[PDB]
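S.K.: Take a look at input07.cif, mmCIF, C-alpha atoms and all ligand atoms:
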```cif
data_data
loop_
_atom_site.label_atom_id
_atom_site.label_comp_id
_atom_site.auth_asym_id
_atom_site.auth_seq_id
_atom_site.Cartn_x
_atom_site.Cartn_y
_atom_site.Cartn_z
CA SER A 1 8.25 -0.22 22.21
CA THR A 2 9.13 -0.11 18.50
CA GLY A 3 9.28 -2.37 15.48
CA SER A 4 11.21 -2.37 12.22
CA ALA A 5 10.89 -4.67 9.22
CA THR A 6 12.45 -4.81 5.76
CA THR A 7 10.05 -4.70 2.83
CA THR A 8 11.06 -6.19 -0.54
CA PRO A 9 9.62 -5.71 -4.07
CA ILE A 10 7.99 -8.88 -5.38
CA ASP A 11 9.31 -8.49 -8.94
CA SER A 12 11.53 -6.33 -11.12
CA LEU A 13 8.80 -3.70 -11.70
CA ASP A 14 8.06 -2.96 -8.01
CA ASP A 15 4.51 -4.17 -8.58
CA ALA A 16 4.07 -4.75 -4.83
CA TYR A 17 6.13 -5.06 -1.66
CA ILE A 18 6.10 -7.93 0.84
CA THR A 19 7.16 -7.80 4.51
CA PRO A 20 7.66 -10.85 6.77
CA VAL A 21 5.14 -11.13 9.61
CA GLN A 22 5.17 -13.69 12.45
CA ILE A 23 1.76 -15.15 13.33
CA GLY A 24 0.99 -17.65 16.09
CA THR A 25 2.91 -19.66 18.68
CA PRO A 26 5.27 -21.04 17.57
CA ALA A 27 5.79 -18.35 14.93
CA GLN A 28 4.54 -18.99 11.42
CA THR A 29 6.20 -16.48 9.09
CA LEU A 30 4.13 -15.14 6.21
CA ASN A 31 5.04 -12.45 3.66
CA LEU A 32 2.25 -9.88 3.73
CA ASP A 33 1.48 -6.85 1.55
CA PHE A 34 1.27 -3.81 3.86
CA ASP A 35 -1.72 -1.82 2.61
CA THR A 36 -2.53 1.66 3.95
CA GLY A 37 -5.63 1.62 1.72
CA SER A 38 -7.47 -1.15 3.57
CA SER A 39 -8.04 -2.24 7.15
CA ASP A 40 -8.17 -6.05 7.17
CA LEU A 41 -5.41 -8.48 8.13
CA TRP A 42 -6.19 -11.56 6.06
CA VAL A 43 -4.04 -14.54 5.14
CA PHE A 44 -4.04 -17.64 3.01
CA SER A 45 -4.70 -20.48 5.43
CA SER A 46 -5.32 -24.20 5.83
CA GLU A 47 -9.03 -23.35 5.32
CA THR A 48 -8.51 -21.84 1.85
CA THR A 49 -9.98 -23.87 -1.03
CA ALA A 50 -7.07 -26.01 -2.17
CA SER A 51 -7.53 -25.13 -5.86
CA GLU A 52 -7.18 -21.41 -5.02
CA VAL A 53 -3.69 -21.86 -3.50
CA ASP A 54 -0.64 -21.91 -5.83
CA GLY A 55 2.63 -21.65 -3.88
CA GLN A 56 1.57 -19.37 -1.01
CA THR A 57 2.64 -19.99 2.56
CA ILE A 58 -0.53 -20.75 4.53
CA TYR A 59 -1.42 -19.96 8.14
CA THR A 60 -2.46 -23.08 10.08
CA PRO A 61 -4.42 -22.03 13.19
CA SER A 62 -4.57 -25.63 14.44
CA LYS A 63 -0.77 -25.55 14.95
CA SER A 64 -0.84 -22.31 16.99
CA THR A 65 -1.29 -22.64 20.74
CA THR A 66 -2.47 -19.01 20.96
CA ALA A 67 -5.06 -19.06 18.14
CA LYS A 68 -8.73 -18.74 19.12
CA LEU A 69 -11.66 -18.97 16.73
CA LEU A 70 -13.75 -15.80 16.95
CA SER A 71 -17.14 -17.50 17.16
CA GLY A 72 -19.61 -16.42 14.48
CA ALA A 73 -17.42 -13.70 12.94
CA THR A 74 -16.99 -13.47 9.18
CA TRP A 75 -15.35 -11.08 6.75
CA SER A 76 -15.75 -10.25 3.08
CA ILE A 77 -13.71 -7.71 1.15
CA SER A 78 -13.63 -6.37 -2.41
CA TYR A 79 -10.73 -4.23 -3.62
CA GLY A 80 -10.91 -1.37 -6.12
CA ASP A 81 -9.29 -3.53 -8.82
CA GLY A 82 -12.03 -6.18 -8.57
CA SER A 83 -10.17 -8.57 -6.27
CA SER A 84 -11.99 -10.15 -3.33
CA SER A 85 -11.72 -12.73 -0.56
CA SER A 86 -13.73 -13.95 2.42
CA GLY A 87 -13.69 -16.37 5.33
CA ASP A 88 -13.72 -16.62 9.11
CA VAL A 89 -11.76 -14.93 11.87
CA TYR A 90 -9.23 -16.06 14.46
CA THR A 91 -7.42 -14.10 17.11
CA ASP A 92 -3.71 -14.78 17.59
CA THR A 93 -0.38 -13.18 18.39
CA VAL A 94 1.12 -11.16 15.52
CA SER A 95 4.64 -9.73 15.48
CA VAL A 96 6.22 -7.31 12.98
CA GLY A 97 9.95 -6.70 13.23
CA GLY A 98 10.03 -7.27 17.00
CA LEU A 99 6.74 -5.46 17.78
CA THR A 100 4.19 -7.89 19.25
CA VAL A 101 0.40 -7.59 19.50
CA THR A 102 -1.64 -10.22 21.32
CA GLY A 103 -5.25 -10.89 20.40
CA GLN A 104 -4.99 -9.51 16.87
CA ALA A 105 -7.82 -10.46 14.54
CA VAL A 106 -6.37 -12.74 11.84
CA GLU A 107 -8.89 -13.17 9.03
CA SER A 108 -8.59 -16.63 7.48
CA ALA A 109 -9.42 -16.73 3.77
CA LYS A 110 -11.73 -19.55 2.74
CA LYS A 111 -12.09 -18.13 -0.79
CA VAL A 112 -9.81 -15.75 -2.73
CA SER A 113 -10.16 -14.20 -6.17
CA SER A 114 -8.00 -15.37 -9.06
CA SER A 115 -5.67 -12.36 -8.90
CA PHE A 116 -4.43 -13.39 -5.44
CA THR A 117 -4.07 -17.06 -6.47
CA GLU A 118 -1.78 -16.07 -9.36
CA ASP A 119 0.47 -13.97 -7.04
CA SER A 120 2.47 -16.77 -5.42
CA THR A 121 4.71 -14.33 -3.52
CA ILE A 122 1.94 -12.61 -1.49
CA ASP A 123 0.60 -14.62 1.46
CA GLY A 124 -1.93 -12.00 2.54
CA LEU A 125 -2.52 -8.34 3.32
CA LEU A 126 -1.94 -6.24 6.43
CA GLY A 127 -4.32 -3.29 6.41
CA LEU A 128 -3.09 0.02 7.82
CA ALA A 129 -5.99 2.38 7.07
CA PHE A 130 -8.40 3.39 9.84
CA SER A 131 -10.33 0.67 11.64
CA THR A 132 -13.70 2.06 10.50
CA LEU A 133 -13.05 0.23 7.18
CA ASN A 134 -12.56 -3.23 8.70
CA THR A 135 -15.02 -5.75 7.25
CA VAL A 136 -15.43 -8.17 10.17
CA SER A 137 -19.10 -8.77 11.04
CA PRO A 138 -20.96 -8.58 13.37
CA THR A 139 -18.13 -7.18 15.53
CA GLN A 140 -15.75 -4.83 13.71
CA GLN A 141 -12.05 -5.46 14.46
CA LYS A 142 -9.08 -3.13 14.97
CA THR A 143 -5.99 -2.99 12.74
CA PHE A 144 -2.51 -4.07 13.83
CA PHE A 145 -1.53 -0.40 14.12
CA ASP A 146 -4.55 0.49 16.25
CA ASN A 147 -3.87 -2.43 18.59
CA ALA A 148 -0.18 -1.52 18.86
CA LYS A 149 -0.74 2.23 19.34
CA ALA A 150 -0.82 2.19 23.15
CA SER A 151 2.54 0.45 23.57
CA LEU A 152 4.37 2.34 20.80
CA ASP A 153 6.89 4.97 21.85
CA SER A 154 5.16 7.31 19.40
CA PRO A 155 1.85 6.61 17.61
CA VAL A 156 3.46 6.63 14.14
CA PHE A 157 4.65 4.32 11.44
CA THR A 158 6.82 5.25 8.49
CA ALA A 159 7.05 3.90 4.96
CA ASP A 160 10.44 4.01 3.21
CA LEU A 161 9.86 2.09 -0.04
CA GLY A 162 12.80 1.37 -2.34
CA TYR A 163 13.12 1.84 -6.08
CA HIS A 164 14.03 -1.65 -7.38
CA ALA A 165 15.49 -2.29 -3.92
CA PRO A 166 14.43 -3.26 -0.38
CA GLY A 167 12.91 -0.70 1.97
CA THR A 168 11.75 -0.31 5.58
CA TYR A 169 8.51 -0.12 7.57
CA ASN A 170 9.17 1.34 11.04
CA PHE A 171 6.64 1.35 13.89
CA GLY A 172 6.83 3.70 16.86
CA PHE A 173 9.73 5.98 15.91
CA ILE A 174 11.01 8.26 13.14
CA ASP A 175 14.49 7.36 11.82
CA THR A 176 16.03 10.78 11.35
CA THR A 177 18.87 9.26 9.29
CA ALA A 178 16.48 7.98 6.59
CA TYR A 179 15.63 11.33 4.96
CA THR A 180 17.14 14.69 4.04
CA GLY A 181 15.93 18.15 5.00
CA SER A 182 12.73 18.57 6.98
CA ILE A 183 9.50 16.61 7.15
CA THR A 184 6.50 18.59 5.88
CA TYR A 185 3.30 17.56 7.64
CA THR A 186 -0.14 18.00 6.11
CA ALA A 187 -3.66 17.45 7.44
CA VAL A 188 -5.50 14.14 7.05
CA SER A 189 -9.24 13.62 6.66
CA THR A 190 -10.45 10.33 8.14
CA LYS A 191 -14.08 10.75 7.02
CA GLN A 192 -13.83 7.95 4.42
CA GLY A 193 -11.49 5.78 6.51
CA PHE A 194 -8.42 6.51 4.35
CA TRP A 195 -5.19 8.41 4.86
CA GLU A 196 -6.70 11.22 2.79
CA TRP A 197 -4.87 14.50 2.22
CA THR A 198 -4.73 17.38 -0.26
CA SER A 199 -1.75 17.93 -2.51
CA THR A 200 -1.05 21.55 -3.38
CA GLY A 201 -0.19 21.14 -7.06
CA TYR A 202 2.10 19.58 -9.62
CA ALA A 203 4.74 20.15 -12.27
CA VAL A 204 5.81 18.15 -15.33
CA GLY A 205 9.55 17.92 -15.93
CA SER A 206 11.10 21.37 -15.56
CA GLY A 207 7.81 23.17 -16.24
CA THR A 208 6.03 25.73 -14.13
CA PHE A 209 4.43 24.48 -10.93
CA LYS A 210 0.63 24.59 -11.19
CA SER A 211 -1.01 25.45 -7.87
CA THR A 212 -4.17 23.37 -7.64
CA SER A 213 -5.70 21.22 -4.91
CA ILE A 214 -5.62 17.47 -5.57
CA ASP A 215 -7.45 15.41 -2.95
CA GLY A 216 -6.25 11.81 -2.77
CA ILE A 217 -5.21 8.94 -0.54
CA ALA A 218 -1.77 7.66 0.50
CA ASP A 219 -2.01 3.97 -0.46
CA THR A 220 1.00 1.65 -0.18
CA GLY A 221 -1.23 -1.12 -1.53
CA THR A 222 -1.67 0.44 -4.98
CA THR A 223 1.16 0.23 -7.51
CA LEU A 224 0.55 3.27 -9.69
CA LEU A 225 -0.25 6.97 -9.38
CA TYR A 226 -3.87 7.78 -10.31
CA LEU A 227 -4.58 11.48 -10.85
CA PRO A 228 -7.29 13.61 -12.51
CA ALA A 229 -7.55 13.40 -16.28
CA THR A 230 -6.41 17.00 -16.77
CA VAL A 231 -3.15 16.39 -14.89
CA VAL A 232 -2.45 13.02 -16.53
CA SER A 233 -3.07 14.44 -20.01
CA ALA A 234 -0.64 17.29 -19.34
CA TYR A 235 2.07 14.81 -18.28
CA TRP A 236 1.76 12.43 -21.24
CA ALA A 237 1.57 15.31 -23.72
CA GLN A 238 5.29 15.81 -23.04
CA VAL A 239 6.18 12.24 -24.10
CA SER A 240 6.57 11.86 -27.85
CA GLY A 241 4.27 9.14 -29.18
CA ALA A 242 2.40 8.47 -25.92
CA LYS A 243 -1.32 7.78 -26.23
CA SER A 244 -4.22 6.42 -24.22
CA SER A 245 -5.08 2.89 -25.37
CA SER A 246 -8.52 1.46 -24.65
CA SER A 247 -7.37 -2.08 -25.49
CA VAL A 248 -4.58 -1.75 -22.93
CA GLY A 249 -6.58 0.35 -20.46
CA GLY A 250 -4.40 3.41 -19.98
CA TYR A 251 -1.57 5.48 -21.35
CA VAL A 252 1.26 3.67 -23.13
CA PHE A 253 4.42 5.14 -24.62
CA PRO A 254 7.26 4.06 -26.92
CA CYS A 255 9.75 2.14 -24.81
CA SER A 256 12.57 4.15 -26.43
CA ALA A 257 11.33 7.46 -24.99
CA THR A 258 12.82 9.14 -21.93
CA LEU A 259 10.21 10.11 -19.37
CA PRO A 260 10.03 13.52 -17.68
CA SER A 261 9.92 13.70 -13.93
CA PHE A 262 6.72 14.52 -12.05
CA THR A 263 6.56 16.87 -9.06
CA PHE A 264 3.74 16.98 -6.52
CA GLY A 265 3.26 19.58 -3.79
CA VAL A 266 3.02 18.96 -0.06
CA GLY A 267 2.18 22.28 1.53
CA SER A 268 5.07 24.49 0.45
CA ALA A 269 7.37 21.52 -0.20
CA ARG A 270 7.92 19.60 -3.46
CA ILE A 271 8.38 15.85 -3.94
CA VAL A 272 10.04 14.96 -7.26
CA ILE A 273 9.30 11.57 -8.85
CA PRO A 274 12.15 10.71 -11.26
CA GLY A 275 10.98 9.81 -14.74
CA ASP A 276 12.50 6.32 -14.47
CA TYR A 277 9.98 5.53 -11.69
CA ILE A 278 7.09 6.00 -14.17
CA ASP A 279 8.31 3.33 -16.63
CA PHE A 280 6.50 0.05 -16.05
CA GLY A 281 8.01 -1.82 -18.99
CA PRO A 282 6.57 -3.48 -22.09
CA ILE A 283 2.83 -4.21 -22.16
CA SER A 284 3.71 -7.73 -23.39
CA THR A 285 6.94 -9.66 -23.76
CA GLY A 286 8.88 -8.30 -26.71
CA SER A 287 6.60 -5.30 -27.27
CA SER A 288 8.03 -1.86 -27.99
CA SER A 289 5.06 -0.20 -26.24
CA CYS A 290 5.61 0.42 -22.53
CA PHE A 291 3.06 0.96 -19.77
CA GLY A 292 2.95 4.28 -17.91
CA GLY A 293 3.05 4.65 -14.15
CA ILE A 294 0.77 7.71 -14.10
CA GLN A 295 -2.84 6.99 -15.08
CA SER A 296 -6.22 8.68 -14.89
CA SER A 297 -8.43 8.34 -11.82
CA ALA A 298 -11.60 9.14 -13.80
CA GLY A 299 -12.84 5.55 -13.79
CA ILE A 300 -11.92 5.10 -10.11
CA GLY A 301 -13.60 8.03 -8.38
CA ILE A 302 -10.70 8.88 -6.05
CA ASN A 303 -7.12 10.02 -6.63
CA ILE A 304 -4.50 7.55 -5.40
CA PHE A 305 -0.90 8.34 -4.46
CA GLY A 306 0.34 4.76 -4.81
CA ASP A 307 3.82 3.26 -4.65
CA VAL A 308 5.10 5.26 -7.67
CA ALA A 309 4.72 8.46 -5.63
CA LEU A 310 5.35 7.13 -2.12
CA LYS A 311 8.68 5.47 -2.96
CA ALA A 312 10.03 8.88 -3.99
CA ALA A 313 9.67 10.02 -0.36
CA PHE A 314 10.04 9.16 3.30
CA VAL A 315 6.42 9.03 4.50
CA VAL A 316 5.26 9.43 8.11
CA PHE A 317 1.81 8.13 9.01
CA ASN A 318 1.12 10.04 12.25
CA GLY A 319 -1.70 8.25 14.04
CA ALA A 320 -2.14 10.84 16.78
CA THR A 321 -5.66 11.78 17.82
CA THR A 322 -5.56 14.42 15.10
CA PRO A 323 -3.78 12.43 12.36
CA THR A 324 -1.30 13.87 9.86
CA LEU A 325 0.89 12.71 6.98
CA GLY A 326 4.54 13.71 6.75
CA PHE A 327 6.63 13.83 3.60
CA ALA A 328 10.38 14.26 3.25
CA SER A 329 12.80 13.94 0.38
CA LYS A 330 15.31 11.13 0.57
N1 LIG A 401 -5.12 -0.42 -1.43
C1 LIG A 401 -6.47 -0.70 -0.98
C2 LIG A 401 -7.48 0.08 -1.83
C3 LIG A 401 -7.99 -0.47 -2.99
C4 LIG A 401 -8.90 0.25 -3.75
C5 LIG A 401 -9.29 1.51 -3.35
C6 LIG A 401 -10.30 2.30 -4.17
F1 LIG A 401 -10.21 1.92 -5.49
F2 LIG A 401 -11.55 2.05 -3.70
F3 LIG A 401 -10.03 3.63 -4.04
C7 LIG A 401 -8.78 2.06 -2.18
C8 LIG A 401 -7.87 1.35 -1.42
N1 LIG A 402 -4.98 -2.53 -3.34
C1 LIG A 402 -5.09 -3.77 -2.58
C2 LIG A 402 -4.55 -4.89 -3.44
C3 LIG A 402 -3.24 -5.30 -3.29
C4 LIG A 402 -2.74 -6.32 -4.08
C5 LIG A 402 -3.55 -6.92 -5.03
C6 LIG A 402 -2.99 -8.04 -5.91
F1 LIG A 402 -2.01 -7.53 -6.72
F2 LIG A 402 -2.46 -9.01 -5.10
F3 LIG A 402 -4.00 -8.55 -6.67
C7 LIG A 402 -4.86 -6.50 -5.20
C8 LIG A 402 -5.36 -5.49 -4.40
#
```
The structure in this file should be written as structure tokens.
Ligand SMILES: NCc1ccc(C(F)(F)F)cc1
Ligand SMILES: NCc1ccc(C(F)(F)F)cc1

M.R.:
Amino acid sequence: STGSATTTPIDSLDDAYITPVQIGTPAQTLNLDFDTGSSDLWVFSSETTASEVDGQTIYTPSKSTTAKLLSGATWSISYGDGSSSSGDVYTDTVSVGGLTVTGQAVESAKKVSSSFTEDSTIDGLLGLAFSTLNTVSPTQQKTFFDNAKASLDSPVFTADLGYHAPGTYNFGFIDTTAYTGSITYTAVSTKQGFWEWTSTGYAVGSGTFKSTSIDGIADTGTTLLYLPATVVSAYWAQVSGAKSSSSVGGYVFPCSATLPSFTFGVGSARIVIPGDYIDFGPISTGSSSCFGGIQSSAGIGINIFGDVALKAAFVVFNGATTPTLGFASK
């Protein structure tokens, strides 16, 4: 079987993407953030503290004839940006774009951090990293992808994120009309639970390509591109007036500047990120300083190929027994 769902940016900056997901019987439709950097499916629910809910659609297990409380199970998660949430665990039927999994662990948030409360358009997260990162205790739970793997025509899903436009998550098949040229596959390390791979280098604008290994993770749940300080400094040096601001927490640049493109290597192939993708707009309403989409990973400890990079490509997450990542131009 297969599944296919449209994913839509939540705002005009492509800060995140939401995808409708059907949970329960009868279906309750929630808009979830598909996150290949985490492995928990958690939702705002009727059990969430009422003051921590501001416009979200909530999952109500008591109205689902297929929901079962997973006795004694709890979950607690903290994301790399400081966000967190926690609660209890149900099992229920979950469907994405026609692809149905029964007995999926649905983690019901009793408490959420402020950053989720303020994001009225995101009803929860759907983790798509490896199940070793799932936070359910005492019994670890499998991701939606892991549960679906057996019935999928092919153990893959693909991410086709749009620039200021809707995109597609496909499960179980590779749409050969969605990209140009060939798909270049590269090896994945699962030792930390992430879709971790090694990029073969980079180029700034029309400059020479610098062959150098950059280890990082493919993370649809992170907005920006986080790279080593040496790379990020070489990019922003080509933007007149750009500077790293400690008060802002990263590189900013004059909104009137034109940004050079950024190329990253996948094996022998090259993925070009247009300079317009790196502009994340004024740091405050009316400001003439704009926030950059390429930032240093030094404070983070891991390099992150977030949405800025991934939306420049058609990306195959190959969940075969030896997993690989595929990249194609589009
Ligand atoms: N998108 C989920 C996520 C969030 C943070 C991290 C970090 F910061 F730990 F690398 C990885 C993955
Ligand atoms: N990387 C996971 C993640 C995704 C979204 C959010 C936000 F924006 F909703 F706070 C935080 C953390």

S.K.: Given a cut-off of 12 Å, what residues near ligand LIG 401 (chain A) show up using all atoms listed in the file, put as a VMD selection string?

M.R.: chain A and resid 16 33 to 40 77 to 84 125 to 130 133 to 134 192 to 196 216 to 227 297 to 307

S.K.: Which residue, A:96, A:259, A:156, A:112, has the smallest gap to ligand LIG 402 (chain A) when you use only C-alpha atoms and all ligand atoms?

M.R.: A:112

S.K.: Nearest to residue 175 (chain A): which of A:13, A:158, A:241, A:32 is it, counting all atoms listed in the file?

M.R.: A:158

S.K.: CA of residue 169 (chain A) and CA of residue 269 (chain A), how far apart in Å?

M.R.: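 About the pair CA of residue 269 (chain A) and CA of residue 169 (chain A): they are 23.0 Å apart.
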
S.K.: For residue 70 (chain A), which of A:104, A:312, A:120, A:42 is the closest residue, counting all atoms listed in the file?

M.R.: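 Closest to residue 70 (chain A), using all atoms listed in the file: A:104.
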
S.K.: Which value, in Å to one decimal, gives the distance between CA of residue 90 (chain A) and CA of residue 29 (chain A)?

M.R.: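 Separation of CA of residue 90 (chain A) and CA of residue 29 (chain A): 16.3 Å.
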
S.K.: Which residues are near residue 250 (chain A)? Cut-off 9 Å, all atoms listed in the file, ignore same chain within fewer than 5 positions. Put them as a VMD selection string.

M.R.: chain A and resid 243 to 245 291 to 292 294 to 296

S.K.: Just the number, please: distance in Å from CA of residue 203 (chain A) to CA of residue 311 (chain A), one decimal.

M.R.: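 Calculated distance between CA of residue 203 (chain A) and CA of residue 311 (chain A) is 17.8 Å.
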
S.K.: Calculated over all atoms listed in the file, which of the candidates A:94, A:232, A:266, A:313 has the smallest distance to residue 23 (chain A)?

M.R.: A:94

S.K.: Hey, which of A:56, A:213, A:288, A:140 ends up closest to residue 116 (chain A)? Count only C-alpha atoms.

M.R.: A:56

S.K.: Could you check the closest approach to residue 5 (chain A) for each of A:318, A:91, A:284, A:168 and tell me which residue wins, using all atoms listed in the file?

M.R.: A:168

S.K.: List as a PyMOL selection string the protein and nucleic acid residues near residue 262 (chain A), meaning an atom at most 8 Å away when all atoms listed in the file are counted, but skip any in the same chain fewer than 2 places from it.

M.R.: chain A and resi 202-205+235+260+264+272-275

S.K.: Report as a tab-separated table (two decimals) with C-alpha atoms, in the frame of the given file all protein, DNA and RNA residues lying within 12 Å of residue 330 (chain A), evaluated on only C-alpha atoms, omitting residues in the same chain fewer than 3 positions from it.

M.R.:
```
chain	number	residue	atom	x	y	z
A	159	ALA	CA	7.05	3.90	4.96
A	160	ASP	CA	10.44	4.01	3.21
A	161	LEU	CA	9.86	2.09	-0.04
A	162	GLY	CA	12.80	1.37	-2.34
A	163	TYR	CA	13.12	1.84	-6.08
A	175	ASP	CA	14.49	7.36	11.82
A	176	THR	CA	16.03	10.78	11.35
A	177	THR	CA	18.87	9.26	9.29
A	178	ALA	CA	16.48	7.98	6.59
A	179	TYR	CA	15.63	11.33	4.96
A	180	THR	CA	17.14	14.69	4.04
A	181	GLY	CA	15.93	18.15	5.00
A	182	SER	CA	12.73	18.57	6.98
A	183	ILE	CA	9.50	16.61	7.15
A	270	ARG	CA	7.92	19.60	-3.46
A	271	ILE	CA	8.38	15.85	-3.94
A	272	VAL	CA	10.04	14.96	-7.26
A	273	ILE	CA	9.30	11.57	-8.85
A	310	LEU	CA	5.35	7.13	-2.12
A	311	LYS	CA	8.68	5.47	-2.96
A	312	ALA	CA	10.03	8.88	-3.99
A	313	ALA	CA	9.67	10.02	-0.36
A	314	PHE	CA	10.04	9.16	3.30
A	315	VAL	CA	6.42	9.03	4.50
A	327	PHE	CA	6.63	13.83	3.60
```

S.K.: Quick one: residues within 12 Å of residue 171 (chain A), all atoms listed in the file, excluding same-chain residues fewer than 3 positions away - as a ChimeraX atom specification?

M.R.: /A:1-6,95-100,128,144-146,148-160,168,174-175,316-319

S.K.: Kindly export the residues of the current selection with C-alpha atoms, as a PDB file, in the coordinates of the input.

M.R.:
```
ATOM      1  CA  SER A   1       8.250  -0.220  22.210  1.00  0.00           C
ATOM      2  CA  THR A   2       9.130  -0.110  18.500  1.00  0.00           C
ATOM      3  CA  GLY A   3       9.280  -2.370  15.480  1.00  0.00           C
ATOM      4  CA  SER A   4      11.210  -2.370  12.220  1.00  0.00           C
ATOM      5  CA  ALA A   5      10.890  -4.670   9.220  1.00  0.00           C
ATOM      6  CA  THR A   6      12.450  -4.810   5.760  1.00  0.00           C
ATOM      7  CA  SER A  95       4.640  -9.730  15.480  1.00  0.00           C
ATOM      8  CA  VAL A  96       6.220  -7.310  12.980  1.00  0.00           C
ATOM      9  CA  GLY A  97       9.950  -6.700  13.230  1.00  0.00           C
ATOM     10  CA  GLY A  98      10.030  -7.270  17.000  1.00  0.00           C
ATOM     11  CA  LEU A  99       6.740  -5.460  17.780  1.00  0.00           C
ATOM     12  CA  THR A 100       4.190  -7.890  19.250  1.00  0.00           C
ATOM     13  CA  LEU A 128      -3.090   0.020   7.820  1.00  0.00           C
ATOM     14  CA  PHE A 144      -2.510  -4.070  13.830  1.00  0.00           C
ATOM     15  CA  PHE A 145      -1.530  -0.400  14.120  1.00  0.00           C
ATOM     16  CA  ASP A 146      -4.550   0.490  16.250  1.00  0.00           C
ATOM     17  CA  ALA A 148      -0.180  -1.520  18.860  1.00  0.00           C
ATOM     18  CA  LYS A 149      -0.740   2.230  19.340  1.00  0.00           C
ATOM     19  CA  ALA A 150      -0.820   2.190  23.150  1.00  0.00           C
ATOM     20  CA  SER A 151       2.540   0.450  23.570  1.00  0.00           C
ATOM     21  CA  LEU A 152       4.370   2.340  20.800  1.00  0.00           C
ATOM     22  CA  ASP A 153       6.890   4.970  21.850  1.00  0.00           C
ATOM     23  CA  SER A 154       5.160   7.310  19.400  1.00  0.00           C
ATOM     24  CA  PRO A 155       1.850   6.610  17.610  1.00  0.00           C
ATOM     25  CA  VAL A 156       3.460   6.630  14.140  1.00  0.00           C
ATOM     26  CA  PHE A 157       4.650   4.320  11.440  1.00  0.00           C
ATOM     27  CA  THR A 158       6.820   5.250   8.490  1.00  0.00           C
ATOM     28  CA  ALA A 159       7.050   3.900   4.960  1.00  0.00           C
ATOM     29  CA  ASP A 160      10.440   4.010   3.210  1.00  0.00           C
ATOM     30  CA  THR A 168      11.750  -0.310   5.580  1.00  0.00           C
ATOM     31  CA  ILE A 174      11.010   8.260  13.140  1.00  0.00           C
ATOM     32  CA  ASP A 175      14.490   7.360  11.820  1.00  0.00           C
ATOM     33  CA  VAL A 316       5.260   9.430   8.110  1.00  0.00           C
ATOM     34  CA  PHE A 317       1.810   8.130   9.010  1.00  0.00           C
ATOM     35  CA  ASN A 318       1.120  10.040  12.250  1.00  0.00           C
ATOM     36  CA  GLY A 319      -1.700   8.250  14.040  1.00  0.00           C
TER      37      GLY A 319
END
```

S.K.: Got a sec: who's within 7 Å of residue 185 (chain A), counting all atoms listed in the file, leaving out chain neighbours fewer than 6 positions off, as an MDAnalysis selection string?

M.R.: chainID A and resid 324:327
